[PDB]
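Here is how the chains run, residue by residue.
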Amino acid sequence: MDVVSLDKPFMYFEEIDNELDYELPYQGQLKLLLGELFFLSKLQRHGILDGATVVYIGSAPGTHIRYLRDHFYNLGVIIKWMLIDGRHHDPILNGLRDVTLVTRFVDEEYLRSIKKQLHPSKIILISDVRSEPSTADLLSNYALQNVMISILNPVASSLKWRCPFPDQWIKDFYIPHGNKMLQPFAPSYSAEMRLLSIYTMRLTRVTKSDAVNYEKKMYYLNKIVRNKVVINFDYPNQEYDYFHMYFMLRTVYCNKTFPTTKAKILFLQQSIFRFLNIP
Ligand SMILES: Nc1ncnc2c1c(C#Cc1ccccc1)cn2[C@@H]1O[C@H](CSCC[C@H](N)C(=O)O)[C@@H](O)[C@H]1O
């Protein structure tokens, strides 16, 4: 891995400043855990996580979600979880009174009834639904996620966002405004991000040129940026993904006090890796 010297990683897609012509155990749970710890801890900074209800659609198996609960439960934040998926959840989510497990594939009708029974409580939406996927599949998925936002009307949302490849384009489509969070420990050449929105919902047109820009910026990120060693980085592991994770984990609150920020992040990573059984 070529060495580099960085003050900060690329946190959002917009920050990628170059492009290139495209050519761990249970790492998926770690990717989701970090991204949702980042999202929900940003909402905790804005004082809008407390009292809300996280509706997580496409949450199964959702092993990492148990860490998410326990984290915010141990911080005293009052959160109710509603995990909705047609598949069965990881049994480690069992026996939690503040976590509701729902075995159902959501549609427009069922989103209406969810909203009725949670209204007027704050809803926070995390969607990870998926139906290799074609562009029609992605378009249907993203149409469903817009439907989720229009009906649930969440105070914030984190949406699975991967632009369809330019060589598989079908038509222009619309997604909500928001910041496109980059995911550490994503698969080596994944172009998936999490669309993070805080609602105060305007839709944005996505064009085939955007698809090209995504494909080229993410390839530069995956081929060049993520294969670097951050030599100035003071951490037991200086590979970019750990540098990336480190900056996400410092937005996380914690009840315990540490002599240094590095001490905190190290403890957090130790706690996350241990629970997910990562060496
Ligand atoms: N409507 C829905 N409601 C509930 N769950 C739905 C769906 C749907 C769909 C659809 C659809 C959309 C438009 C038109 C027609 C159909 C998919 N899923 C679930 O998304 C997960 C992806 S992988 C999660 C991984 C997980 N985050 C983990 O912790 O590992 C799977 O578990 C799958 O069962």
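Residues numbered from 1 in each chain as written, not as in the entry; some residues may be left out. Heavy atoms only, no water. Residues with missing side-chain atoms left out of burial classes, pairs and counts.

Trainee: Would you explain the UniProt feature "binding site: mRNA" (unreviewed entry) in the protein chain in this entry?
Mentor: The residues that UniProt annotates with the feature "binding site: mRNA" (unreviewed entry) are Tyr22, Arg162, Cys163, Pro164, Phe165, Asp167, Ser190, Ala191, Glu192 and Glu215. Topologically, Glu192 is positioned in the loop between β8 (179-181) and β9 (193-198). Aside from chain neighbours lying at most four places away, what touches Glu192 is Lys31, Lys160, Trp161, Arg162, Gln183 and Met218. Looking at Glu192, its side chain comes within polar contact range of the side chain of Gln183, at 2.8 Å. Residue placement: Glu215 occurs in helix α5 (residues 208-223). The contacts of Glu215, once residues within four sequence positions are left out, are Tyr22, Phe165 and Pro166. (UniProt positions renumbered as here; feature names shortened; annotations may be inferred. Helix = DSSP H or I, 4+ residues; strand = E, 2+ residues; numbered from the N terminus. Contact = heavy atoms within 4.5 Å. Polar contact = N/O pair within 3.5 Å; in protein donor to acceptor, adjacent residues only side chain to side chain.)

Trainee: Before we go on, may I ask you to explain the packing of helix α1 (residues 27-45) against helix α6 (residues 240-249) in this structure?
Mentor: Helix-helix packing is characterised by the crossing angle of the two axes and by the distance between the axes. It is at 9 Å that the axes of α1 and α6 come closest, and there the two elements cross at 30°. Classified by the angle between their axes, α1 and α6 sit roughly parallel to one another. Relative to α6, α1 is oriented so that their crossing is left-handed. The segment α1 lies against α6, with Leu34, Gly35, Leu37 and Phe38 engaging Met245, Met248 and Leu249. Taken together, the residues of the contact of α1 with α6 break down into 6 nonpolar, 1 polar and no charged. (Axes fitted to C-alpha atoms, helices over the stretch in contact; angles between N-to-C directions. Parallel < 35°, antiparallel > 145°, perpendicular 65-115°, else oblique. Left-handed = near helix turned anticlockwise from the far one by under 90°. Nonpolar A, V, L, I, M, F, W, Y, C, P; charged D, E, K, R; others polar.)

Trainee: Just to check I follow, could you spell out unusual backbone geometry for this structure?
Mentor: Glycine aside, negative phi is the norm for most residues, and most peptide bonds take the trans geometry. Omega for the peptide link from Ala60 to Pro61 comes to 0°, which places this bond in the cis form. Note that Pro61 resides in the loop between β2 (53-57) and α2 (63-74). A cis amide bond links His119 with the next residue in sequence, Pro120, at an omega value of 0°. Along the chain, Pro120 falls in the loop between α3 (108-118) and β5 (123-127). Here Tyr26, not a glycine, exhibits a phi torsion of approximately 55°, which is positive. By relative accessible area, which is 66% here, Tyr26 ends up exposed. For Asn153, which is not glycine, the phi dihedral falls at a positive 55°. Among the structural elements, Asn153 can be located in the loop between α4 (135-152) and β6 (156-161). The exposure class of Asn153 is exposed, given its relative accessible area of 53%. (Buried < 20%, exposed > 50% of the residue type's maximum accessible area, 1.4 Å probe, protein only.)

Trainee: Before we go on, may I ask you to explain the UniProt feature "active site" (unreviewed entry) in the protein chain in this structure?
Mentor: The positions that UniProt labels "active site" (unreviewed entry) are, in the present scheme, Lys160. Residue placement: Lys160 occurs in strand β6. Setting aside residues up to four positions removed in sequence, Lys160 forms contacts with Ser127, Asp128, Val129, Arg130, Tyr142, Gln145, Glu192, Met193 and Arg194.

Trainee: Just to check I follow, could you spell out the site of the ligand for this structure?
Mentor: Taken together, 24 residues are adjacent to the ligand, and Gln29, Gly62, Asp85, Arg87 and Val106 come closest. Taking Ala60, its main chain carries an N or O atom lying 3.4 Å from an oxygen atom of the ligand. In this structure, a nitrogen atom belonging to the ligand sits 2.8 Å away from a main-chain N or O atom of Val106. Going through the elements one at a time, α1, β2, β3 (80-85) and α4 are the ones with two or more residues in the shell around the ligand. (Near = heavy atom within 4 Å.)

Trainee: Got a minute to help me understand the nonpolar core in this structure?
Mentor: Within soluble globular proteins, side chains that are nonpolar tend to cluster in buried spots. Residues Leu40, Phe72, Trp81, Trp161 and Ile272 are the most contacted members of the largest nonpolar core, which totals 90 residues. Sequence-distant contacts of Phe72, that is, excluding residues within four places in its chain, are made with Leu37, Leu40, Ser41, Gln44, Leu49, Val77, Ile79 and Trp81. (Core = buried A, V, L, I, M, F, W, Y, C linked by side-chain atoms within 4.5 Å.)

Trainee: Help me understand α2 in this model?
Mentor: Along an α-helix, residues three or four positions apart point the same way, because every turn accommodates 3.6 residues. Where α2 is concerned, the buried positions are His64, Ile65, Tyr67, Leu68, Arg69, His71 and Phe72. Next to the buried residues of α2 lie α1, β2, β3, β4 (99-103) and α7 (261-276). Trailing α2 by a residue or two, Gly76 shows a phi angle of about 75°, which is positive.

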